[PDB]
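One structure is given below, encoded as structure tokens.
Since every read-out is calculated from the coordinates, none of them should be taken as a lab result. With ideal geometry, Cβ positions are generated from the backbone for all residues, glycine too; neighbour counts draw on all protein chains shown.
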Protein chains: 2
Amino acid sequence: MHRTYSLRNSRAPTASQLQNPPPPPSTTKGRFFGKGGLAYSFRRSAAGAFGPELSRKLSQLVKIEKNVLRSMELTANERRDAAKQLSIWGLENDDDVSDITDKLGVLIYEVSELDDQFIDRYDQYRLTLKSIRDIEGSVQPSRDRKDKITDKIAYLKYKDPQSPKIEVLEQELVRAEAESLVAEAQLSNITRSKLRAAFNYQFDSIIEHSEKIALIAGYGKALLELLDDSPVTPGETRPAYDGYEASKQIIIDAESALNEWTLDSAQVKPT
Amino acid sequence: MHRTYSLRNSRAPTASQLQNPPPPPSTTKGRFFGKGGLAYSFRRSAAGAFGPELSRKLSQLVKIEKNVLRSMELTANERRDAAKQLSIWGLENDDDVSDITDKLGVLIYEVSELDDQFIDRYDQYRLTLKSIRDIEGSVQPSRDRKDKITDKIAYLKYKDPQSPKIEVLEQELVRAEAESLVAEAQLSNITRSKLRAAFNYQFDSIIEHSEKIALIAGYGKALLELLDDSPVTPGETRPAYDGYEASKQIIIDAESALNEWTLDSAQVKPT
């Protein structure tokens, strides 16, 4: 949607893009459907199946959100595995390198834990959407019966103008219309309420998790200053790294700001 | 209901009973069920069968009314047969006797025709009751579903206090309650309207037919004065009967009053 007014689907570069040019496209693009294969697309296909034809789209969205959740669960546990592997690799290295890589590993572990909490809040969002899907599916048969009744009464009117069955189904249809009006009014109310609440909670969760992980990334950037990037000539060895206390103080302050973080202290501000 | 305040089911004698004592009970009481046998009771039994349990009584009443109609049809055609047989018997008799019995036969034929018209109006009454029975039967499943839903939601509340299914069925039950309120309001309205109209028409039909047949009976009583009841001694023969013109004038006046009869000219008056 950010594409410029040209013939190319090229997004307009932001100030960050001008500051640092965008990198080349990733080489990880594999020759695959990109939906987890037929095994993971079985759920997607089953979403588009014999349903109430009304919550079909909503049920499909819910099951797609379940796929989202499964993928995020896959990238959280295996990311914390990556952090563990990074610490294991940094075990046998320079003392400053080992300390700094262990601190980066623990920061990534914090990242994975926040991802898991975001996953739980995502499941709350998905459960609210499941509730709205189920109430919509329960309210659909009312309108289905309404459509069937109006079609049958139209056919009966075609057959003759004085069948008692005609008047009886008209009398039942005036009841069905009122019940369907009430059902659709409450359906609109519940859909609006669930939609607003679920998406407000979802956006609050994502902004909280994202600003928290950004607060973590800033602390990690500050921590990365401890190691010295000055190259050392072959032969003599550089002085030993004694910044253990500084790194521990940095991680302590990061923990303190992490625990102190609250919705009131949301330094992110729109304009 | 007219029984006196005693231990016997003996009705209080009216002024007619004092004027002429009641006759002995009829000897036509046969040793039978009195419902036309099992063949004619098959319909009555089928009325009390797998129905909506609400219009069961009304459907039974309708089918009983059908039995009423069939019996009345049996006694109308066969009564006109009796009138024909009476004329055939009076064929070979005295001239005055033959004329008077032919006039009584034609009066009974008029009676049978009025009975047939009353039967048609009775069928109108029965059709209105069929309509009310059918709308009541169509409205019963609403309350049946209401009862089933409230029982199921009570059981689900017993199981747990937070099942989503519980809230969904409560939301559908608040719709079902409103639709059932509307259905019962229109059911009461239609029942009152059909009941009042059908029974007012039925009572107007019965009073019209009855006062007409009474107007016929009075004319027949006046006509019976033509024949002479004075006994004749054996031997000589009484003078010939020349009252053909008087009888024809009586029947002409009866026809004129029959055609002139209208609801406005209803000389029967309550007090």
Open item on the list: Counting other beta carbons within 10 Å of each residue's own, what order do B:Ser265, A:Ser210, A:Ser26, B:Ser205 fall into, fewest first?
Closed with: A:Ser26, B:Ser265, A:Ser210, B:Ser205
Open item on the list: Placing the label point 7 Å from Cα along the Cα-to-Cβ direction, what are the distances from A:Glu170 to the equivalent spots in the other copies, shortest first, in nm to one decimal?
Closed with: 4.0
- [ ] Name the nearest-to-axis residue of chain B, judged by Cβ distance to the rotation axis taking chain B onto chain A, and quote that distance in whole Å.
- [x] B:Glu179, 2
Open item on the list: So the label point sits 7 Å from Cα along the Cα-to-Cβ vector; using that for A:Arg44, what distances do you get to the other copies, in nanometres, sorted shortest first?
Closed with: 7.1
- [ ] Taking chymotrypsin sites (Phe, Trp or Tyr not before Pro) as candidate sites, keep only those in a DSSP loop with at most 10 other Cβ atoms within 10 Å, then name the longest stretch of chain B containing none of them.
- [x] B:51-271
Task: chain B: relative contact order in percent, alpha carbon pairs under 8 Å with at least 6 residues between - done: 18
TODO: Only helical DSSP H runs with n ≥ 4 go in: add -39500 (n - 2.57) per run for chain B, normalise by residue count and round the 222 nm mean residue ellipticity to 500 deg cm²/dmol.
DONE: -26000 deg cm²/dmol
- [ ] Please return the longest stretch of chain B lacking exposed loop sites, where GluC sites (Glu not before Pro) count only if DSSP places them in a loop and at most 15 other Cβ atoms lie within 10 Å.
- [x] B:93-224
Open item on the list: How far, in nm to one decimal, is B:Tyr155 from itself in the other copies if the label point is set 7 angstrom along Cα toward Cβ? Shortest first, please.
Closed with: 3.4
Task: Low-density loop cleavage sites - trypsin sites (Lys or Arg not before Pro) in region A:1-62, where at most 13 other Cβ are within 10 Å (DSSP) - done: A:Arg8, A:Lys29, A:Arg31, A:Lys35
Open item on the list: Rounding to the nearest 10 and keeping the result within 0 to 90°, find how far the Cα-based axis of helix B:95-159 lies from the longest principal axis of chain B.
Closed with: 10
Open item on the list: Between 0 and 90 degrees, rounded to the nearest ten: what's the tilt of helix A:244-260 against the longest Cα principal axis of chain A?
Closed with: 20
- [ ] Could you state the angle between the C-alpha long axis of helix A:164-223 and the longest principal axis of the C-alpha atoms of chain A, as a value from 0 to 90 degrees rounded to the nearest 10?
- [x] 0
Open item on the list: Whole angstrom only: what separates the Cα centroid of region B:1-80 from the Cα centroid of region A:96-171?
Closed with: 61
Task: Residue-averaged beta-carbon neighbours from other chains (10 angstrom radius) around B:162-172 - done: 3
Task: Calculated diffusion of region B:121-271, Stokes-Einstein form, Kirkwood radius summed over Cα pairs, 4 °C and 1.567 mPa s, µm²/s - done: 58
